[PDB]
Each structure stands twice: as structure tokens, then as C-alpha cells.
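Considered here are two forms of the same protein chain, supplied as C-alpha cells in two stand-alone entries, structure 1 and structure 2.
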Structure 1
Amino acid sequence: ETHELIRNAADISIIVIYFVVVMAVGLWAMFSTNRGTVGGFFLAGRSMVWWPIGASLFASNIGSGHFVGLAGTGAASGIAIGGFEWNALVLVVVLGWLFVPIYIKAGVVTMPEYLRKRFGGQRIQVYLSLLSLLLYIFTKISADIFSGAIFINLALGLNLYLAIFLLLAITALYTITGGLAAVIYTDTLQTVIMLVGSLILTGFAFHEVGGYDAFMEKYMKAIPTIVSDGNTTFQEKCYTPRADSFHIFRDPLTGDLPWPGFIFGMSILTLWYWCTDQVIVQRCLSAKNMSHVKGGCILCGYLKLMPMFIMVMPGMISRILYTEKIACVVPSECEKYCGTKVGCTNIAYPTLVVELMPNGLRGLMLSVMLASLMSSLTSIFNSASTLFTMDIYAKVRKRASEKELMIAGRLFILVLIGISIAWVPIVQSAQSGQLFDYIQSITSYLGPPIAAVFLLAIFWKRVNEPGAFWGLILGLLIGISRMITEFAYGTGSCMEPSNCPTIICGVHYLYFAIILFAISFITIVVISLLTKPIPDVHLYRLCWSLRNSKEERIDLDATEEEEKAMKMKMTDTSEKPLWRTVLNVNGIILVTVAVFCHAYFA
């Protein structure tokens, strides 16, 4: 059986040693955080070094969802997905240089808090907090848990219930009461283990496929023997490899992930994921200085070039070695091998792991997959706790002390942990052969409005609370309309094409993301220009025009000397000359490397 190879010996030893090390680092960092005050728990004390910030930025994004989805979908259509990671680096640079300086200069623990400070209404913050939490609980928790299930059932023998329970407990021991200091200090280990074990796997896979050139040639002839049987044969497009496989920039309409939608829509919802989304920014706001965030974000981008060569390429190698398993089309064979009737394309990475590498390497590598999942789940849980405590619980009790907010955050971590075990039945039982398509569709409907509202709350001065609210509501209504109309009719199978009309279903979800971005942008601008503006007195240091200004600010949400100095330092965003120069230069180098890679493959 495929789930007994890891049973031998060194597999268990390596996984248990990994667990011991991660738990130990979590506990040590738990006693190095000054927990008990919000400044030290949710923001880690604003004392994090540069490189742990970068490590956490990588490991919070990269989860089991990435490994499973990238490898499997790479077995479907080539390098198409890799560019997600690559767009990440450009936008992380953008984040580090533009968005974090304002948020630090605004003293905003949460992004909805920044929006309240700039706009001056409770409903904006409440709506954004609730929507962001729903996006968390659905998209990211689903990605992590589903991919956990896939690589667990294929590689291990553990039932989803026990496995997800144990992973949640291991996480909970340090995330529930660890805050960002514990998160990042345990996350740096996740990142290091991931990079090491995954470099070993990619090297082994490329050696066994015979190198990159032979990899290219062999991949294009990985056509499954069986294309017949059952009710009917299949149209020579559900199994054959794609001719545009090795190009990132594919046809604008004919191909999956067309280049216009690719670059534009991907940037649009990546501004949500990195610059506006709560999970990633907390990592940047927990810094010791303003140069440490730039160091972290450059490192994150530099080793965000790696993902493709470690997830997309192995998936292809998984297809080439085991084409019959990772390229089945016949419903009988597909239902036979792993599970879902249509699919079996999602098991490319875990089959490559459980088969390619030797015993000890298989153990360490399976623990890499676990390392992926734990980091993302820790990140989302802590960020959801921060959002809840800072907006919803804060507005349900205006006289709450710090201890009450801390206990509220911890209880929210507990409840949101329980939501994941409540989620495992849906993810297991539902027909999830197209799960990642749905996850990206969900993120492509509710993201662009929030990206627009924040890009206008920063790079603009006239927007106001009516405009932001009603643009967000309109964008939500459009996204929900399309989402319901696409889920009710359901996304089309290869043998049985789509049911639903071409206006809704014909448009690729990235194209609809950009369209919704444009509509929300226009609506926010129009409604804002109809209502009286917010004077500049209330917007010092909250818009890109006024960040340098040092006049007194009338907040829209409205020792002593030592406390004032500490506050000013926490809002201080100035670095030394030489360090600033080095950080600008290395950021430019990172973006250059990305442009070179984009041009090299695409």
C-alpha cells in the first residue's frame, strides 16, 4: 500500500524530532515576548529582527495548500501557477516601501483600525473585520485543511479527524498564548526546514527525471495509456499535456491563466493578500525598526522565487514518473487510485514524496509538508484573534481593560480552532476535485473591493466613509451575485462542458476580479465626490500626501515623558543613511531578479 511506506522506522523518528524542535522553539519564544500587554503580544513588542520577519512572511503564505495545489495543478497545465509566487515578491517590495511606513506611522494594530482612523466610522471597521474573518475562515482554512487531508490520506494512514486534531493541538500549545513573537520564532524554523528538505526533494526529482532538458522532453509525452472505457472516451484534452505548458504568459482567452488576467488580476488580489490582508502585515508591524521590515520583505521575496522550482516543477516530475496516476481521465481509474472521480491530479506532490525519496528522506519530507500547514494555520489564528479583539470585541465593550482583551483574543483562538475541526467534514465529504478553483474564485470576488478601498485610503485624500462603505457594499453584492450564480450551476467538467451562461461562466475568475476592482474603484470615487470631504486636519500621516507632515492630528476615532518618547519611537519610521541605501539597493536587486525570471520562462 502507498500509505505504509512511511511506517518503517526513520520516518517516525524524523517527524517526532521535528515536532519536538518546533514545540521547543515555540515555548522558548513564548517566554521571550512580554505577554500581558497588547503592544508585546499582538505586535511582539516591536523588537523582531529583520530575517525572522522575512521568514514569517514566507511561512504564513506558504502552506500545505501551496505544495498540494501547485504540484497537482502543475501536472495539469505547466508553469501557469508559478507566477503567483513571483508576483508576490514585487508586491511585497511595494508593501515594505509604501504601505508599512504609513501603518507604523499611524500606530494601527489592525488594518480596519487604520480605515476607521482615516474615515471615522464604526461600520467600516466592523464590516471589514467581519468580511476579512470570513475570507480567512473559508479560503485559507479550506486550503490548509483540504491539502492536509490530501497528503495525509495519500502518505499517512491517519484519518482526517485525528490528524487535524493533533496538528491543531500542536499548533495551539504555542499559538493560543504566544502572540507574534512566538509565531515568528517558531515560523523561522518552519521556513528553514521547508527550504532544506524541499531543496533535497527537488534535486532528487530532477536527478531521477534525468535533468531539466530531459525533464522538458519527457513531460510533453506523459499521456496516460488509458483514454477509453466506461461510458465514453474523452476528447483528447482532458489528458494530453498542454502545448503552452512551459510558458507563464499564455493565450489571453484560449488558455487557462491568460496573461492579461494573469498579471493584472493577480496583482489586484495580491495587493489584498500582502498589503491589505491582516495575516501578512502583522509580521511587518512587529519589527524592531523600519529597516528590519525592509530586510524581512526582501528576504521573503528572494526565497519566494524558490516556490516554483520546489512545488510546480516537482508536480510535473510527479506526472512524468507516474503518468498513469497523476494523469488519469477515466472515472473508473481515477476513483480507483486516490479518491475523487474526476481528479487524482491533486496528489502529485504527496505521491512524489512517498515514492521518489528514500526512507529517511521521505520522513523528513513529509514533515516538510506538515511544516507548511502549521505555519499558515498559526498565522491565520493569531491574525483572526487580533482582528476580533481590536474591532468587534473592542466595540462590544468600550471600557474593556487590557487583560479582558487578551482573554477575549485567546478564547477567539480556541473557537476558531474548533471551527477547523467543524470544517473537516465538509472538506472530506464534498467533491473537492475542483476545490482550489473555488478557493481562488472566492478570493477573486471579495478581494478587489478591499484592495480598492485601501489603495484609495492610502494614495488619495478625498475619499470618505460613505464612499468607502457603499463601494465595499456594491462590490460585495456583485461578487456574491456571481459567486452564487457560479456555484448553483457549478463549474464545468472537461467531458461535460459548463452548464451556466457565458456572461458569468465564460469570464475567467481573474477577469471578473479585475472588472470588480474597476467597478468598486469607480463607485468609491463617485460616491466620495458626492459627499462633503474630510478636511486634511484629520488625515495627517494617514495618506501618502501627508505622511511626512508633523503637525498635530485630530483623530477621527476620538513616566509621562518616557511614555511619550516610547510612543514616538514606536511611530518613528526613520533609518540610518547607509542601512537605508543598502536596503534600497537590495530591493532593486530583488525586483531585477524577478524581472529576469519572468522573462526567462514566460
Structure 2
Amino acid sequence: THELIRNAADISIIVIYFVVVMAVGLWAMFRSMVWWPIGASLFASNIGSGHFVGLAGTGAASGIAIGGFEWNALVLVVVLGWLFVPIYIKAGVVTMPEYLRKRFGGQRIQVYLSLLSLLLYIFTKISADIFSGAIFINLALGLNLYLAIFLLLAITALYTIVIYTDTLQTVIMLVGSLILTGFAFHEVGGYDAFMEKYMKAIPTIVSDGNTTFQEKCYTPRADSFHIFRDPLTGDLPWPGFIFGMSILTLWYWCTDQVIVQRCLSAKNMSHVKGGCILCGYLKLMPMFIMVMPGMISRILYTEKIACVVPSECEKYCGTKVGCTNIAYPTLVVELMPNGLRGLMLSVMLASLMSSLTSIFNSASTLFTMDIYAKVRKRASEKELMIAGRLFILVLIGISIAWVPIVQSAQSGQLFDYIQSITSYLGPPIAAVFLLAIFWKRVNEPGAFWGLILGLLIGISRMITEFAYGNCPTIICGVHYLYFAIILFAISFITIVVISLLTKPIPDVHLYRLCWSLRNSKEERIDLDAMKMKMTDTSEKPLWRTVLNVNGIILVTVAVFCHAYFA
């Protein structure tokens, strides 16, 4: 399986792709980004190889429900265009912790939230993406997982040396993924035959010595073709699904620095909205092109993807957890002709490079403006950039060192790992941002202490899970999309209360920083020609109405797809 791509013709495609990417990057190197590149880059930053691998694996093991996550992004993307980005533009902010500094004041909350978003990036993004790329390389090539990570990040470092490049990335990835989807669906015999054959993927080897595994452990779920699964016994329960995934997605899109940073570089508000719409329409695809291909991989490679014997799973992937995360790679490697196999390897690398370069740049911005600038108040621009570069290097090192914990991570389902860790560490951030933008009363001490409590609970559960890998069901037995809701509610209530206890932060410090005061001019007094254009969110009535209708139609399409897939 690993020797398939060794053909010279197949690798010709990857070298052509890399030459094209280098040419585009050099041309770009050698605020008017516009709607189609804004949306293309948002999609390419959101959809990395982490999504490919995790979504396909969770689709193989659990079914279509995981794909629904991506569709929720659609709705949240709409929010990002019409609720949060206008405020980030009016506030004239570059980073989100800088927005919280302007909103609340004081240095502790900015530093803390920057560090928390950096830890979130490290674990979820900079481990899942590199791990997924390593899976792709290891299944495609004999190189080990760690060596695969090393090669992948070397290639990414070459790649960085953005929105236009990410537009190329997303176009190539979308075309290649559509090609693979069509090819695999025809091979299985269409969607009807795919559904019929999917409820038969039971591996032949199901007993190890005298121990027989439970029937529900290895057979595909009866609800594998339903997004809304049982609230209690079904993995990814529908109430947890909707609410917890909406909270997590709110964090990721409307408060993470990467998405908002790429959304801010728009020429004007209309192109912000257009980029949001294009990214949403592109995000409507990742189900049909990542989840269903993984299910097809299960159908065609049941013994490899549905393994339940620890010995067999270990021999197939070196892990005794189930080999669930290698769904998409196998499909790409074993079912793709030489040229198309090379093209799909290029697609996976394209999505990964977009996501990882976006995250590297955003983390550099966060550490550069929100911590290093504060430690060295008189830092020169050159030293500032040097600090950012060293920070991304340290971030990469920490993420690589953290990879091994991601391997098992809830039975090898990488996307489950991503969503669980980010559910532990994101709901506090989402709560503070929602309250800050929508609630004037919140103040710096209250927000800081609410965040500290939320992080305390999240780290408590995370350490318990990592220690137990018999864990008490009263704490860890609840699915993490429900721990996300619990943590969000706890942080929300804590922030509200302790803010009502301490200080109002008068009212003249919240002009153009809160939703109620987004339009007031009133000579804002900060807690800490060109600018008039930068803080301008005016849009021509024609384009504004066109983009409003476009967003309504996009969310209509998202709801239609959700209901079509139950």
C-alpha cells in the first residue's frame, strides 16, 4: 500500500504542485483582499488535513454525524460576518486579546487569554494537523509518524518563505476532493449501493483467544446515517451535538485569532460578507468529500478500518485503539490511480499548509503583540519579528512533543480528540467574548476570575482523562460535547456573578466596543484619515443587500442539508 505512489508520473504531480505554490508565494511576496480570496482563505485555514483525517475516521467508525460539525460552521461563519467582524473593525483591533485589553483594561486578562488561545492552538491545531499529515505520509510512505511530522513542517517552513496562496490551496483541494468523492462513489456503486453495503462492514476477525468483544463494539451503528443520534447512549448525542458544537464553533470562528485575522484584511464590509459566504459555501462540501469517503474506505477495507482486535489494529497501524483515523488515507492510497493518488496527496498537503501557515502567523501575531510587546515595551520592529519567529519555533517544538498524547486520545479518533480538548479549553473563551461583545456590565476582574475558574475545571478534567487514559463516570462518563455545555454555563454564570460584584467600568470606555455601543461616536476614551478608513464598516446599499440575501440563502442551504441527512 505504501509503494503505490512511488511511480515517477505520480510524483510529477506533487512537484508541479509545489512549483506552482512557490511561484504564487513569490509573486505575492514580490487590505484589498476582496471577497473571493477572503472566503477561500477562511476555508483553507479552517479545513486542514486534520479535518480530512479526523472527519473521515469518525465517519468510518461513527458515520455521517461527525460531518454535521462542518455544516454548523456555516451558521457560525454567517455570525462572524454580521456580528463579530464589524465590531473588530470598529474597535480597530488586530488581535482578539488586544480587543479584550481595550474592552476591559489591565494587562492580566490580555496575557492570560493570549496564553490560553496559544495552548488551544498548540494542542488542538498544531497537534491534530501535524498528526494527520503524518498519518497521510506514513500510510503513503514508509516514513515513521515522527519523521513524517518533521518532513511536513519542513515543507511548511518552505511554503511560508497568504490569502492568494490559500485561494490556490482551497481551489486545488476542492477539485481533488470532488474527484476522489466521485471516483469512490462510482467504485462502490453510487449512494444507494454505498448505504446498502455500509451496514455490512463487520470484520471477520472478531475474537482474540477466548475473549469475544461486544456486538455493538465492532458492528456499524444502526444510526450511522443519522446526524441526530441518541442523547444518552449514542456517541455525539444530538442535544450535545447542536449546543456544544455551536459553542465550540462560536469560539473557533468568531473568537479565534486566525479566522478573524483573515476576515479583517477585507477591502470593506461588503467583501467581508462575501468572503464569509464563499467560505460557508465551500464548507458545505467537507461532509460529502471527507466523511462519506471515509465510510467508503470502511466498506472497501472493513478488516483494516473496522479492526477491533488489539493485535490486528496494532499490526495495521501500530496502535491498539482501532485504526479508525486511517480511513481517508487508505482510500487515497489504495483506491487512487497514480496520477490521482499524487493529486490527492497534494490536496491533503494543500489543506494542511493553508491551516498550519495560517495558525503559525496568527500565533506569531498573538505572542508578538500581547506578551513580548508588554515584556519589552521598547522593542524594535526587527527584534519584535525575531521574537515572533522564535515563538513559532517553540510552538512547533511543543506541539511535536505533545503529538504522542494525541495517538490514543479516546480510541484513536483524532477528531474526537480535537473536539474534546477544545471543548475543555474553549467554552471559557467563548463565554468571555460573547459577554464582552454583548454585555456591558462585565469587567476585567470578573472576566479574569471567570476564565481562571473555567480553566481550572477544564485542566482538572483534562488531567484526569490523561491520567486514566476505570475513570469515575460521574465526571468523565459524560460525552465531551456535554462537558463543553457544562463548562460554558459555569464560566458564563461565574463571569456574570463576579462581574456584578466588582466595578461597572463606567460607560465612556465601551463606545464601539460593545454591541449596544457599536454605533456611538461620542469621543471614546480608551482604557489604555487612514484610521477613519480602517474603522469604517460602511457598505454600498446594493452590495450590502446582495450579501444579506446571499447569507440568508446560504443558511437556508445549510438547514436543508442538515434536515436531508436527518
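For numbering, take structure 1's sequence and count from 1. By rigid core we mean the largest C-alpha set that fits within 1.5 Å across both forms.
Query raised in the report: Which residue in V415, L98, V196, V526 stands out, with a C-alpha shift of 2 Å or more between structures 1 and 2 when both forms are set on the rigid core?
Result: After core superposition, the one over threshold is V415.
Query raised in the report: Would the C-alpha of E404 be classed as shifted by 2 Å or more between structures 1 and 2 after rigid-core alignment?
Result: It does shift by 2 Å or more.
Query raised in the report: By the 2 angstroms cut-off, has the C-alpha of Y509 moved between structures 1 and 2 once the rigid core is superposed?
Result: It does not reach a 2 Å shift.
**Report entry** Rigid core superposed: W470 CA moves 2 Å or more between structures 1 and 2
**Finding:** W470 C-alpha, core-superposed: shift of less than 2 Å.
**Report entry** Core-referenced Cα shift (Å), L257, between structures 1 and 2
**Finding:** Value for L257 between structures 1 and 2: 0.1 Å of C-alpha shift.
**Report entry** Following rigid core superposition, Cα shift of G157 between structures 1 and 2 in Å
**Finding:** In the core superposition between structures 1 and 2, the C-alpha of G157 moves 3.0 Å.
Query raised in the report: For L435, what C-alpha shift in Å is seen between structures 1 and 2 once the core is overlaid?
Result: Reported C-alpha shift between structures 1 and 2: 4.4 Å at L435.
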